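J.: first chunk of the complex, coordinates as they sit in the assembly:
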Amino acid sequence: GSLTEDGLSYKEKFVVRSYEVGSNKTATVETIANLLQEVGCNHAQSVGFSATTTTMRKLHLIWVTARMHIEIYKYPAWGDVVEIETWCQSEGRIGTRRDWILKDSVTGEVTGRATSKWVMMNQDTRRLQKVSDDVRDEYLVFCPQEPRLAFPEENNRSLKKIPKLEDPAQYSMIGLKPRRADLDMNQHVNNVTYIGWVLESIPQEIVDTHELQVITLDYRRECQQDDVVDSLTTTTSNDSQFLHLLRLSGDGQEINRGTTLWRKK
């Protein structure tokens, strides 16, 4: 992988592995989400990090995911090479955004795109806060100054408000729990695990006859290593749409909400 000429974005190529693909012999959406995290991490390393700015480490502040939106037009097949470009942007005092574009390395065509919103949190108290003047200054040195959006359209799916699923859910998968492979190097549940858990409550018949086109996830609370989760889904709709809710198995505390759009094969 490498930073581009202007030093304001990063590109990396990945060969899709045998264990990374589903029944259609193309990369799962969780494989795509893991590749997005990996190219994001390689970009942060290339621009000097170990993207928590200098003032953030002094103030015990970290970035946490508020929303993730992914749209895939074609999933890369096993053995294919996919090129992913990523960049960051400051969104004033609200937070930051990381965007990605996925292309078929052979044709150069866009096969997918993604965007994520991140908010600042105190690592100790877990209290959210606005981005201060000093943090914005440090973050702006490796971002494009003019807006550069993976989803530019002035009425796009990535900015839609998601409602809370009301009981009873049409479908459910109960008693989901993370194992060590679902944790990251800091022993937190990896964000991609929540995508997998959301998808567990979609009927196998939809998965067999449809391809996932869009997924939007709204992160509300972090699942602990010893937590147990229920995944709920209700159909809202040649396209099928669903509303999703992840909540703790016991008290029902919301952890995530989202929506998915599927197109008939």
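T.: Great, that's in hand. Numbers count the residues shown, from 1 in each chain, chains lettered A, B, ... in the order given.
J.: How many residues are close by residue A:199?
T.: By the criterion of other CB atoms under 10 Å, residue A:199 has 22 neighbours. For the C-beta atoms, the positions are set from N, CA and C on the backbone; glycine is no exception.
J.: so which strand or helix has it?
T.: Following DSSP states H and E, the helix or strand that holds residue A:199 is helix A:191-200.
J.: ok, and what's touching that helix?
T.: A:29-30, A:33-34, A:37, A:65, A:68, A:173, A:176, A:178, A:182, A:207, A:212, A:215, A:217, A:219, A:223, A:229, A:231, A:233, A:244, A:246, A:255-256, A:258, A:260 (CB atoms under 8 Å, 6 or more residues apart in numbering).
J.: Over to stretch A:6-14?
T.: So stretch A:6-14 is contacted by A:1-4, A:35, A:38-39, A:42-43, A:46-47, A:81-87, A:105, A:142-144 (CB under 8 Å, 6+ apart).
J.: circling back: can I have the buried ones of the contacts of helix A:191-200 as a ChimeraX selection?
T.: Remark: buried members of those, expressed as a ChimeraX selection using 16 or more other CB atoms under 10 Å:
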select /A:29,30,33,34,37,65,68,173,176,178,182,212,215,217,219,223,229,231,233,244,246,255,256,258,260
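J.: Show me chain A divided up by domain.
T.: Domain assignment for chain A, taken from automatic domain parsing, gives A:2-159, A:171-264.
J.: The first one: end-to-end distance?
T.: Right, the one you point to is domain A:2-159. End-to-end distance of domain A:2-159 (CA to CA, to the nearest Å): 30 Å.
J.: ok, now stretch A:35-54?
T.: End to end - CA to CA - stretch A:35-54 spans 26 Å.
J.: Hmm, residue A:248 and residue A:228 touching each other?
T.: Yes. With contact taken as CB atoms under 8 Å, residue A:228 and residue A:248 are classed as touching, separated by 6.9 Å.
J.: re earlier: for the helix holding residue A:199, list the C-alpha coordinates in PDB.
T.: What follows is helix A:191-200, C-alpha atoms only, in PDB (Å, rounded to 0.1, in the frame of the first residue of the first chain):
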ATOM      1  CA  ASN A 191     -16.900  -3.400  15.000                       C
ATOM      2  CA  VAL A 192     -17.200  -5.900  12.200                       C
ATOM      3  CA  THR A 193     -18.600  -8.500  14.700                       C
ATOM      4  CA  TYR A 194     -21.700  -6.300  15.000                       C
ATOM      5  CA  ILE A 195     -22.300  -6.500  11.200                       C
ATOM      6  CA  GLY A 196     -22.100 -10.300  11.500                       C
ATOM      7  CA  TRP A 197     -24.600 -10.400  14.400                       C
ATOM      8  CA  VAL A 198     -27.000  -8.100  12.600                       C
ATOM      9  CA  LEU A 199     -27.000 -10.500   9.500                       C
ATOM     10  CA  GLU A 200     -27.600 -13.600  11.700                       C
END
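J.: Heading C-terminal from it, find the next helix or strand.
T.: In N-to-C order, the element after helix A:191-200 by DSSP H and E is helix A:204-209.
J.: in that next one, what counts as buried?
T.: By neighbour count on 16+ other CB under 10 Å, the buried set for helix A:204-209 is residue A:206.
J.: and residue A:19, how many neighbours?
T.: Using other CB under 10 Å, residue A:19 has 6 other residues around it.
J.: again, but for residue A:202
T.: Neighbourhood size, residue A:202 [other CB under 10 Å]: 21.
J.: ok, and the closest non-adjacent residue to it?
T.: residue A:233 (5.9 Å; CB to CB, 6 or more residues apart in numbering).
J.: tell me the contacts of that neighbour?
T.: Going by CB under 8 Å, 6+ apart, residue A:233 touches A:165, A:169-172, A:198, A:201-202, A:242-245.
J.: Chain B goes on too:
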Amino acid sequence: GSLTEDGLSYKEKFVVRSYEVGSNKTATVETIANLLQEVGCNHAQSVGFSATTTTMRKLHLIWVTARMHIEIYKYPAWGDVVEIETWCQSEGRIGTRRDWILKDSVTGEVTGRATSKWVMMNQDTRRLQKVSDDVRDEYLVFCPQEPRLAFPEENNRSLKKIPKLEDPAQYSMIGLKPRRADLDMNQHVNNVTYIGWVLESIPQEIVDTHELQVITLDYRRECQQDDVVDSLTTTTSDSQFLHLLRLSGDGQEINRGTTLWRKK
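T.: Chain B now in position relative to the chains above:
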């Protein structure tokens, strides 16, 4: 990746990814096991299975894993490049073996080794059988003819008999179930999932103070997509453990194994 000069083994390099490492910022044993499957698959593709031989497809025969043994001396760190070499061998009518050697790409030093035993099964009836002359002849064309072993030592850990854990287990993790990410492209539970489930019943304190050096797994029955599993572990001792995976309801054995851990 590429076949070697003689066309009898295959090598591939992998850069360890951020999501592939554990709390020590080195690759987990499940990441290593997935890389072993991937280099094995690239080798099979390079030798013409673009490794079920021509006569196996006509007879509805497939290879299934009987045992997996992995020994790691050093886990590669996040961002490091690891080179893995793999090859296969016919073991008469018993079955076949796939072996692997892992090296640090910068130093050329051996950092790990693995070996796996495979037996022939009818895909429809699920009945096991001996390999047969025609299948051995077809398999021998891409294998070394003289023995080449990742574990040559005459009484090494990869060939030890594993006993059945007796109740009560010292530790347990119950109600484990596979999700779609644990399945392979044919909707079967990926073999690496069983390594993860075995490790779930090891106390977090051992994981925090020790590094896993050796794991041996004996595969007895396949876990279905809708099955639920219990993972049991008892200390037999470095720390050593005996493991058992069984179905949560009736207690049908699915796997048994052992692990050896070295103090950090």
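J.: Take the neighbour count of residue A:202 again, chain B included.
T.: 22 (other CB atoms under 10 Å in any protein chain shown).
J.: quick one, what contacts it?
T.: Residues counted as contacts of residue A:202 (CB atoms under 8 Å, 6 or more residues apart in numbering or on different chains) are A:171, A:233, A:242, A:260.
J.: Ramachandran angles for it?
T.: Dihedral pair for residue A:202: phi -80, psi 130, per degrees, to the nearest 10.
J.: Tell me how far it lies from residue A:244.
T.: According to CB to CB, to the nearest Å, residue A:202 and residue A:244 sit 9 Å apart.
J.: Can you pull the residues that touch both of those two?
T.: With contacts defined as CB under 8 Å, 6+ apart, the residues shared by residue A:202 and residue A:244 are A:233, A:260.
J.: Give me the secondary structure label for the most centrally placed residue in chain A.
T.: Centroid-nearest residue in chain A, with CA atoms, centre = their mean: residue A:68, separated by 3.9 Å. Secondary structure assignment for residue A:68 (DSSP: H, G, I helix; E, B strand; the rest coil): strand.
J.: So it is in contact with residue A:99, correct?
T.: No. Residue A:68 lies out of contact with residue A:99 (CB under 8 Å); the separation is 11.4 Å.
J.: what do those two both touch?
T.: Listed as contacting both residue A:68 and residue A:99 by CB under 8 Å, 6+ apart are A:114-116.
J.: residues contacting residue A:74?
T.: Contacts of residue A:74 (CB under 8 Å, 6+ apart): A:26, A:104, A:111-112.
J.: one more time with 7 Å, if that's ok
T.: Shown in contact with residue A:74 (CB atoms under 7 Å, 6 or more residues apart in numbering or on different chains): residue A:111.
J.: Doesn't it belong to a strand?
T.: No. With three-state DSSP as the criterion, residue A:74 is coil rather than part of a strand.
J.: The longest helix along chain A and chain B, are they touching?
T.: Criterion DSSP state H: the longest helix present in chain A is helix A:29-46. Yes. Against chain B, helix A:29-46 shows contacts by CB under 7 Å from any CB of the partner chain at A:30, A:34, A:37-38, A:41.
J.: How about residues contacting that helix?
T.: Here helix A:29-46 makes contact (CB under 7 Å, 6+ apart) with A:1, A:3, A:10, A:12, A:14, A:20, A:51, A:70, A:72, A:84, A:86, A:98, A:100, A:112, A:114, A:192, A:195-196, A:212, A:215, B:17-19, B:181.
J.: What remains of those if I keep only buried residues?
T.: A:1, A:10, A:12, A:14, A:20, A:51, A:70, A:72, A:84, A:86, A:98, A:100, A:112, A:114, A:192, A:195-196, A:212, A:215, B:17-19, B:181 (16 or more other CB atoms under 10 Å in any protein chain shown).
J.: interface residues of the stretch 1-150 of chain A facing chain B?
T.: A:17-19, A:21-23, A:25, A:28, A:30, A:34, A:37-38, A:41.
J.: Could you work out the most separated pair of those?
T.: Across the residues of the stretch 1-150 of chain A next to chain B, the longest distance by CB to CB is 28.9 Å; it joins A:23 and A:41.
J.: Doesn't residue A:71 lie inside a strand?
T.: Yes. Counting by three-state DSSP, residue A:71 is part of a strand.
J.: Return the residues in contact with the nearest residue to it once chain neighbours are set aside.
T.: Excluding its sequence neighbours, the residue lying closest to residue A:71 (CB to CB, 6 or more residues apart in numbering or on different chains) is residue A:214, at 4.9 Å. Residue A:214 makes contact with A:71, A:157, A:260-261, according to CB under 7 Å, 6+ apart.
J.: Bridged to residue A:214, which residues?
T.: residue A:71, residue A:261 (DSSP bridges).
J.: distance of it from chain B?
T.: Residue A:214 sits 18 Å away from chain B, taking CB to the nearest CB, to the nearest Å as the criterion.
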